[PDB]
Structures are given as C-alpha cells and as structure tokens.
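Novice: my complex, part one, positions kept as in the full thing:
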Amino acid sequence: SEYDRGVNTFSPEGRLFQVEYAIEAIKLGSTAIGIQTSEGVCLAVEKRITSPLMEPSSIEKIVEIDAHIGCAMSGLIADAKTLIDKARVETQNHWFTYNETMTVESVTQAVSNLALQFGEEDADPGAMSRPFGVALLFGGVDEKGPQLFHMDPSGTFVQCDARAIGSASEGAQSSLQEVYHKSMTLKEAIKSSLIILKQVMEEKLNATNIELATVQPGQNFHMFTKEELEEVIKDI
Amino acid sequence: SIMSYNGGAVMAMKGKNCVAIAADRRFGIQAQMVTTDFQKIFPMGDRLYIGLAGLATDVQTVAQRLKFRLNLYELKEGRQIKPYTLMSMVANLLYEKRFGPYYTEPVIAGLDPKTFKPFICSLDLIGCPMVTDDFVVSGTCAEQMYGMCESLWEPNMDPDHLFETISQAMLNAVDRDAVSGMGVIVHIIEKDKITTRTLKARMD
Amino acid sequence: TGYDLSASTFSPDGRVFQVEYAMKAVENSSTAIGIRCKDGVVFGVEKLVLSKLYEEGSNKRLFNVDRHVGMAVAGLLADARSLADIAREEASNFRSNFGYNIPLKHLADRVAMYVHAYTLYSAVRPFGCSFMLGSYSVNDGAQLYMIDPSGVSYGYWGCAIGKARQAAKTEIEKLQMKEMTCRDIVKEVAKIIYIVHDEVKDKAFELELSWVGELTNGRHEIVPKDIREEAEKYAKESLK
C-alpha cells in the first residue's frame, strides 16, 4: 500500500522516506555540469529532446536568477519553477532593502529553507504535501569571487569546485575529478565540460541539444547563442 | 434630511373588498427633476403590491432583495404569500440593517389569496409594523396626506368611490409639496381585476 | 487485531491499551520516593549516571513548581518537563486571578485534567510520566499527591514511583511517619533509596533530596549539603 506511512516518517536507518525517494527521482533527469574557475562559472546542461517535432528553444534548463547569478536544474523541472521565483524575489527584496547585490550563498540558503517545509497537518493552507524533485546548481560572482553551490531535495547545500548532477553523475564526476585543476581558464573549463557532456549523452552533441551559460567578473550572466556554441563545438 | 434628497409620496387606502395604492412619479436630485416615470410600486403577487418611499437607491435595493426572498419562499412552500407574512418578511429585512439603515419606508396593500380580505400596512425606517383599517401614507408630504385622508375617507367604499377619494387625496397633497409630484399613478386591486390609471396632474 | 493503536479505541474487554503502554514506560524508570510527616514533605530520587562525562546536576528529576510546591518525576523526562511547565503556568494564573497561593489539591486536579485530556483522542499521545506534588502551608498543612499517566490523582502518606515501587512501599510501611520529624525522614528516605538500588544492573547513582515544611518556612528547596552527606553516611552504614 502507498498510504500506510505519512510523509514525515523516518526509516529504521534514520532517513526520511520521501526525501530518499525524491533523491531517486533526481537520478532520472538530464545531466548538468558546473565548473568554477578564478575567471568565472560555467554551467552546461543537456536538452533531452524526445521528438524531432519538439522545438528545442522552449526547453529552459538554465535560468537567470539575477545579473550575477544563474541556475541549472535537473529532475522534475516543473517543481523547480517555485524555487526559482522565490530566489528572484529574494534577490530583488535584498536590493530594495540594502541597495546591494545578494551573495550566492545567501540565495542558496534562502532556497534551501523551503526544501523540508512539507507536511499534512499543523501546516497552513497552501502548504506543500511532498518534497521537491529537483537538484539545483547555483553559479555566480560576488565579492568573494566566482561561487558554485549544489542543492539537493534534503535541504543540504554545499559549495563545490566542479560538480555533475543528473542521470550520468557518477561517470561525469569521475571525469571531472580527472580534469579539474585550480588554475583552469574559463575556456578550458567550457571545453572540458563539453567533452564530458559529449561522453555521457546518448545523442550526438550538436549546437541545439545542449545549453551553456557563463558568469564572469564584470560581464553579466551570458547564455551562449548557437553561433558561439558552434565555435566551441568545432574544437571537440 | 437624507429621506428628502429624492422626495416621493406613497399612499394606500382600504375599501369594501378592494384596496388602492397610489404613488408619485418624480425622480430628481434635490431640486432638479431628472425623470417623470420613476417606479415606486412593485408587484409581489397577483393581488399584492408594495410601495416604497425615500432614497431611490434604497428603494431599488430593497425591492430587488425583497423579490429575491419572496421568490425563494414561493418556490419552497408551493403557495402564494399572505400579506401579513410579507409584512413580517420586510420588517425582518429592515431590522437586519438596524445600525446601517435602509432609508426607505414601505406600504403594503393587498388581498388575501384565499379569503380575498383587504390588507394595508405601513413600516417605518427600521421595521415597526402598523396595520390599519383605513389608510396609510409615507413620504415627504405625510402631513398633507394625513389631512386629506382624515377628511375624505369613508368606510365600505366601492371601487369607483375609492378611486375618486385616493386620487383627490394624492393630487391635493402633492400640490403642496415641492419635491413630490409630476404625476400620480393609482392601482385599484379587486378580486377579479387590477386597474392601473395615470392621473392628470401639475408638472411644475 | 489493532485494538491497541489509538487512545480513542476501547478493547472488547474495556481497556485502553495505549495508556497501559505509557504506564509500562513509567515502570522502566528509576525510583522516586515521597514521605509526608505532620510538618512537611520529603522527596528522594535515585538518579542514575549513564556516563562519567555528565556534570553533577544533569537531568534533575526534582522541580520547583511554585515557591511552596515541589515535583518529583519518573518516566520520560521531556514529558515531565512539559508537565512541570503546565503546572507552573497553572499556579501563576491562579495567583493572578484569585490573589493567593494555589492549594495543592486544586493544582493536582487541574494538572490531572490536563493529563486526562491526552487519553481521549487519536490526534495526541498519552504522557509517559508519573509524578508527585508536595506542599506545605499553615492553613492546609502538609500535602502529598500523586498523578499517573491516566490522570488519576490521589493523596498519600508515602508514595513510590518507578521500577522498585513495591519494595520501596514495603520499606515505607515500616515507618510511623505521622509522629516523625523532617530530619528523621531524610535519613529514612536515603536508607530506603540505598536499599532498593540494584548495583548489578544499574551502575552508579546520585541521591537527590528536597523538602518543604515549617522548617523551610513553606518554601520548597534542595536539602542542604551537610544534611545530605550525613544521611548518605547513615544509609551506607545501614547496608553493612
């Protein structure tokens, strides 16, 4: 049966069942890769296009949180829209109150506070019934430099140097282990991430089935156009 | 006074097996006349009528809410409402707004739907019912109507004499009030017919 | 069959098994004792130390509910603390409304009703604690009441709660406590505590003592250290 247990039930091993099941939902999504360098943050994701009749330009796996912060998402993409709206509202409220930009860590923390706010009773109307089935990669530039953060449905957020999320995370993570060093340039990071994404994708990597974005000091959030993408793809 | 903002006069009179209800026709904002065909007498049944005097917005509001309640009553009960029951319903509606009053005073005139006995009553600002065997008046020219009705009314009048009496009373009373007039309409309610007449009046 | 999963369910023979399981929770706890004499009340707790890393005064099982009222608990300590807060709030409200210190019988009745409210519904769980309330005043004298997880409150001359309650009661019945003084009662309480303790299963323990009477001017307090150590000496001598 499905309703023997409540949503806030612990396992005999000490884990919330619903969170574990949502983390398993994370494994069914597309592969996103994030690399942090002293020159900025690179985010690359794969569009999982099922039909030739689908227009790939309506698949938004990378969004702009603010001019200095972008997000890459994996899993149940419809669930991610609430978190992203919260993040955008938080950054704009911070600008309104303090006349400055938010740090990436604060945005990640604000979004992570929503993650375990689910239940059935003793909760206000309009509360959530289940966890979120999304993993998020936040990339931005603040006074501490280029920052990359990872968030999973449990509410845990960490800071990472290089990170892969999605279905092919384990192999992609091993490859990132092999290729990451602290002195990488952003061009090298972009090339390395595209090499790994090509390795893990079940399709053939062309300029319409992937997304790439960068955040650099001084330059805003940039989504690569098709022409720049082809320029990078030529080397691979 | 907020009652005198739009003016208006309604009167009901009792006969022998008949009732009569008369009203003025002016709609105006204080001293300016806007229209001369404003409805102040509404049918609440085949032989039952209600006349409303006072603020025109409350007149229309009260008529529409009363029809709401009456229609629901007649659907649930499968009967036609008796005049006394309608009096109680109107009193309840008006007293629900005791501290935010509707600025209207109603008169009810009708015949009992089974025994065909005349009924007339009046209600004040908040719903104290007044049942009379002679006549009831309401509006800005109430004193004038009282004088005319006390002088002219006789018991056991046939429909024609009742029409003459109520017509004379209304005409001569509204001729002495500035914010009332511009025509008079009379309804004579009998067992077998309703007769509606418009009177030749002063339009100044 | 699932006749024992809710507090809003009777069994075919007329029992609420959830309250009985809460009582089982109380029976696993270490023993607390209360003895009443004409001039006061004395409370003694066997407090097991589960590690040497714990400070002296950790996991107190004796509380001050009002300046004249003291509380000795057994069972689940978190439930006991929440109940202590409920009792404190009851006493405060009584003083703010009626203007004097709450009588102990009234306080016990109010707290017992609050405890009973948790034995009726599926939405809440019964309390896993039992406790004793003790007080002294000139008008009312010395009072000792006990409350169990079902909500029953009774007045006692000597009471014991926890794992070794029966043996402790046997020992308490050997005292003519009505014509004793609070000083003698402290030594007898310590002696009984040392008798009922099982060194083989339970390793080590502290003795927690408190009292309320005319000796303390109707104020509930911890027994002074010298009296406590003298009583412990008497108890250890008696065990040979």
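Specialist: Perfect, I can see it now. Numbering: from 1, shown residues only, chains lettered A, B, ... in the order given.
Novice: tell me the contacts of the closest residue to residue C:121 other than its chain neighbours?
Specialist: The shortest distance from residue C:121 to any non-neighbouring residue, by Cβ to Cβ, 6 or more residues apart in numbering or on different chains, is to residue C:8 (5.5 Å). For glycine as for every other residue, the C-beta is placed from the backbone atoms N, C-alpha and C. Shown in contact with residue C:8 (Cβ atoms under 8 Å, 6 or more residues apart in numbering or on different chains): C:120, C:121, C:122.
Novice: look up phi and psi at residue C:8.
Specialist: Dihedral angles of residue C:8 (phi, psi; degrees, to the nearest 10) stand at phi -100, psi 10.
Novice: okay, residue C:16 and residue C:149: tell me how far apart.
Specialist: 11 Å (Cβ to Cβ, to the nearest Å).
Novice: scratch that, residue B:55
Specialist: Taking Cβ to Cβ, one finds residue B:55 at 68 Å from residue C:149.
Novice: the strand ranked longest in chain A pairs with which strands?
Specialist: In chain A, assigned by DSSP state E, the strand with the most residues is strand A:134-142. Counting by DSSP bridges, the strands paired with strand A:134-142 are strand A:69-75 (antiparallel), strand A:145-151 (antiparallel).
Novice: tell me the most buried of those?
Specialist: Counting by mean count of other Cβ atoms under 10 Å in any protein chain shown, strand A:69-75 has the highest mean neighbour count of the strands paired with strand A:134-142, with a mean of 27.
Novice: which residue packs closest to the residue nearest the centre of chain B, ignoring adjacent ones?
Specialist: In chain B, the C-alpha nearest the mean C-alpha coordinate belongs to residue B:51, at 2.8 Å (Cα atoms, centre = their mean). What sits nearest to residue B:51 in space, not counting adjacent residues and going by Cβ to Cβ, 6+ apart, is residue B:10, at 3.8 Å.
Novice: same structure, new chain, call it chain D:
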Amino acid sequence: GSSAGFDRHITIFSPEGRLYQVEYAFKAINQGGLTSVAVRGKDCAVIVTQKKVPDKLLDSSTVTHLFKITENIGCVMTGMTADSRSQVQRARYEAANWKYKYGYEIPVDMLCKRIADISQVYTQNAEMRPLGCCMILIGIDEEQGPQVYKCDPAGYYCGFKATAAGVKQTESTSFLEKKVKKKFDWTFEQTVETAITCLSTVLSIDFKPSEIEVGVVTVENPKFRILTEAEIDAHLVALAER
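Specialist: So that you can see how it sits with the rest, here is chain D on the chains above:
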C-alpha cells in the same frame, strides 16, 4: 454478531445496527470492581457506595466517589476514575452556568439530560471515544420530591425509584425489585437500611463503617450531606440488632 470495516474500532454502525465501542465502554465500567446503590424514599434520597483502600499509605479522605455538584445535588460515579472526574467537572460547570443564565437552581433531570447530550456526541463523532463512567444523581425538586437519575456512556438517561451500578448491578436490581414490589413508603431510616442491606447481601460482606460511603438528601434539609463514620456505625448497629 457480524462486522464489516472499522465498526469495532470507531463509532460506526455494524451490519446489525450496533455500536460496538459503546458496548465496550459499558464493559469499562466494571473495571474498578466497585458497586453503588441509590434508593429513593418518601422524603429522602440515599446513595451508598463501596469504599476500598488497598494501601495503608493512601490518605483515605481523597479516595471518594461521592461528589457535590451544587449545594443541593449530589452524585456517585462508577467506572474509570479520571473519566469520572472529567464528568463531575463538566456537571459542575453546567449547573453553575444554568444558575447564571436562568436565575434559579438547575433541576436534577435537566442536569442529567445535559450530561447525556454531551455523551451522545462521543457516540456520533469518530475521533473521540466514550467515557467509561456511569453517573447517579440525587436531589430534591420543590414540585416532585426526591429525585434519583442515572446516565450511562451511551447517552441514555432515566429516573428511578431505586437503582444500582457497577459489578453486581444485576443482583442488586433483583433485590431492589423484590423490595419495591412489597411497597412501604420508606422513612429515612428504612431507606438507608434498604440500601445498606442490598449492598451487604449482594457483596456478601458485613460492613465496617470505613468500608462504605453514604450520602443523603432530605426534604427538611435539602443540602447534599455526606455521613460521618459515627452516623454510619449507628445505622449499622441498628441493622445488626434486627
């Protein structure tokens, strides 16, 4: 005795139209092992209950099932002790509120009706259980005389000439039926004698003044009274010299 669903776990109907949880609540009254008898007379009403103090460490004053609802209404509770205390508190509140709202003392029958109305809600709503207690009320009504009323966990309430509650209710009912059929308009002494004799006979115990509690109400003194040990001993020595 069929079942379908959760009809033995919550207060819903069984295929035969029964409520099993109410019947189990009736079973709960017998847990406690006590018996009470109430008898009505010409000018008096008497309640006699069994008093058991297993511990000599118990303060005997606090072990009581006789309670005072108002100055003129008294009750004896049978069954689960905490539930009984809850119902006593509810009854006291209702009587006080009646006096505040209507300006005169509550009749006994109306108080029993209010308590039984409260009990009915527990048999219709599924999230709460019934209370495992029975309530017997005695009073004097200045138009009808002595009044003895009883309410049970099902929501039934009734007025009686004599009644019993507890473990030995059926035997006590038989004894009292025989006594009432041979009708003597009972004096105060005869009423107390009848109650004490019923309890003794059905329990097979010769009572000591400390083993019973007696509570009386009379037309001459309408206030609810609890008898001291000396008065009970007077009645017992009179019963023995018979």
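Novice: what about the contacts of residue C:8 again, now that chain D is present?
Specialist: Taking Cβ under 8 Å, 6+ apart as the test, what residue C:8 contacts is C:120, C:121, C:122, D:10, D:127, D:128, D:129.
Novice: what of residue C:105?
Specialist: C:143, C:145, C:155, D:62.
Novice: likewise residue B:135?
Specialist: Counted by Cβ under 8 Å, 6+ apart, residue B:135 has contacts B:11, B:12, B:13, B:14, B:120, B:149, B:153.
Novice: so of the contacts of residue C:105, which ones are in strands?
Specialist: C:143, C:145, C:155.
Novice: residue 95: what's its closest spatial neighbour, skipping adjacent residues?
Specialist: In the absence of a named chain, this looks at chain A. Residue A:95 sits nearest to residue A:101 (Cβ to Cβ, 6+ apart), 6.8 Å away.
Novice: if you could check chain B rather than the one you did, that'd help
Specialist: Closest to residue B:95 by Cβ to Cβ, 6+ apart is residue B:127, at 4.4 Å.
Novice: and what of residue C:138?
Specialist: The nearest residue in space to residue C:138 (Cβ to Cβ, 6+ apart) is residue C:218, at 7.3 Å.
Novice: with only the CA atoms kept, save stretch C:103-111 in CSV.
Specialist: Extracted in CSV, the C-alpha atoms of stretch C:103-111 (Å, rounded to 0.1, in the frame of the first residue of the first chain):
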residue,chain,number,x,y,z
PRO,C,103,-3.9,24.9,47.1
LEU,C,104,-2.1,21.7,46.3
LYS,C,105,-5.3,19.7,45.8
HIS,C,106,-6.6,22.2,43.2
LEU,C,107,-3.3,22.2,41.4
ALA,C,108,-3.2,18.4,41.3
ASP,C,109,-6.8,18.3,40.0
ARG,C,110,-6.1,20.8,37.2
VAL,C,111,-2.9,19.1,36.1
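Novice: while you're at it, add chain E from this line:
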Amino acid sequence: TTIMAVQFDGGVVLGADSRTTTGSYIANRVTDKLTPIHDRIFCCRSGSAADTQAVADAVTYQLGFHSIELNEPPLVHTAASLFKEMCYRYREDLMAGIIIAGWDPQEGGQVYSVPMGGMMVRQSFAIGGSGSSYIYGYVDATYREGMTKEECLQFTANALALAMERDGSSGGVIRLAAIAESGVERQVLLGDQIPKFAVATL
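Specialist: Putting chain E together with the chains above:
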C-alpha cells in the same frame, strides 16, 4: 449614593441609602444597594446601576464555582480580587465603585474598597458615593478602635443620616447588615428610626 462599611472584632457592618435617580427624578425610592455575593460576603454598589449589577452577578457566578471546586468557604480577599480584576480590565467602560465586606474563618471581618479605576485597598472603615464627601470629617472625628457591633450600627446609621440630609442624590431609608460567624442580620431604618439632628433657626 452613600455606602459605608465598618469593621468590628468578629465581623462587619454595612449600610446604604435607597435612592435611584434618573437626573432629578427618583425612579426607585426603596432600592437595595447591598448585594449578597456569598453567604458571609456582601458588596455595596456605587455608580452605574447596570454596570454594578452586571459585575456583581459575574463575581457571584465565579465565586460560587470556585467555592464548589475547593470545598471551602471563600475568602473575602478572593472576592475583592475578582472585583478588582473586572473593574481594572473594563475601567474605560465601567462606572463602578464597590465596597466588599465580609467574614472568613482565617482573617475575621474585612473591608475592602475598590474605587473607580480598579485599585484595591483594605480599610478599617470605608465610605463611598456622592454623599460620602459630606461625612469625611464626621467619621474621622467619631471613629474609635475597639467598637462593638451595636456601637458600629449606631455609628453607621448616624453617618448615613447625616449624608442623606445634605445630598440630593441620597435619601429614602437606611439599610443595614451585620455579618459575623453566626450569620447575617439585616435591618431597615425608616421614618422616626432615622437619627435626627436639629436644624439651626434664627
């Protein structure tokens, strides 16, 4: 209105006038301003008739419930505290000056004053109302310690009569109550029972 309470060894004596006024018209001329709150506890009400009646009824309800739950006779201080709580909480809405007098086994006979605003003070004698102003010097000159019940009754009657002579809002009959352990005794003084004081004539 004129209300008074005096404490003697073993009890209290309360006294009041019997006039209700709506302006300059006497609506009730035999009113009872002494209210039994409990068996041995009474209140004298001053101010708004409706407000004082409502407060007295609420306190009677609360005190009866309290006494049933505790199985004890109530204390006079408890009744004064309930009055103080209600009068302080609704001080913006209520016009009520109360005197609470009574006997309890623990403290004996007690007199408490709850003026408008909701303060509570224990006094050996208390006076209140609009006529109380005219007898302040008389009670200060005549009060002595260790009076008996009969002397207290005479003293209260004299003061109330003096107040009723000079105040247009006080008059009628004098209502007296003596509260002790043995119970309550109530008296009415009317006509020639009311003490007379000679009027100056030229």
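Novice: repeat for the contacts of residue C:8, accounting for chain E.
Specialist: Counting by Cβ under 8 Å, 6+ apart, the residues that residue C:8 touches are C:120, C:121, C:122, D:10, D:127, D:128, D:129.
Novice: nearest to chain E among those?
Specialist: For the contacts of residue C:8, the minimum distance to chain E (Cβ to the nearest Cβ) is 21.4 Å, reached by residue C:120.
Novice: show the contacting residues for the closest one.
Specialist: C:7, C:8, D:128, D:129.
Novice: before we move on, the earlier item: need the max-distance pair from the contacts of residue C:8.
Specialist: Between any two of the contacts of residue C:8, the greatest separation by Cβ to Cβ is 13.5 Å, found for C:120 and D:10.
Novice: now the residue nearest to the centre of chain B: which helix or strand?
Specialist: strand B:48-54 (DSSP states H and E).
Novice: and residue D:191, by the same measure?
Specialist: helix D:188-203.
Novice: who touches that helix?
Specialist: Contacts for helix D:188-203 (Cβ under 8 Å, 6+ apart): D:35, D:37-41, D:43-48, D:50, D:162, D:164, D:168, D:171-172, D:175-176, D:179, D:184, D:186, D:205-207, D:212, D:214, D:216, D:218, D:235-236, D:238-239.
Novice: is chain E contacted by the following helix or strand past it?
Specialist: Counting by DSSP H and E, the element after helix D:188-203 in chain order, helix or strand, is strand D:212-218. No - using Cβ under 8 Å from any Cβ of the partner chain, strand D:212-218 stays clear of chain E, coming no nearer than 14.1 Å.
Novice: list phi and psi for residue A:90.
Specialist: phi -60, psi -50.
Novice: what about it, how many residues close to it?
Specialist: Close neighbours of residue A:90, defined as other Cβ atoms under 10 Å in any protein chain shown, add up to 19.
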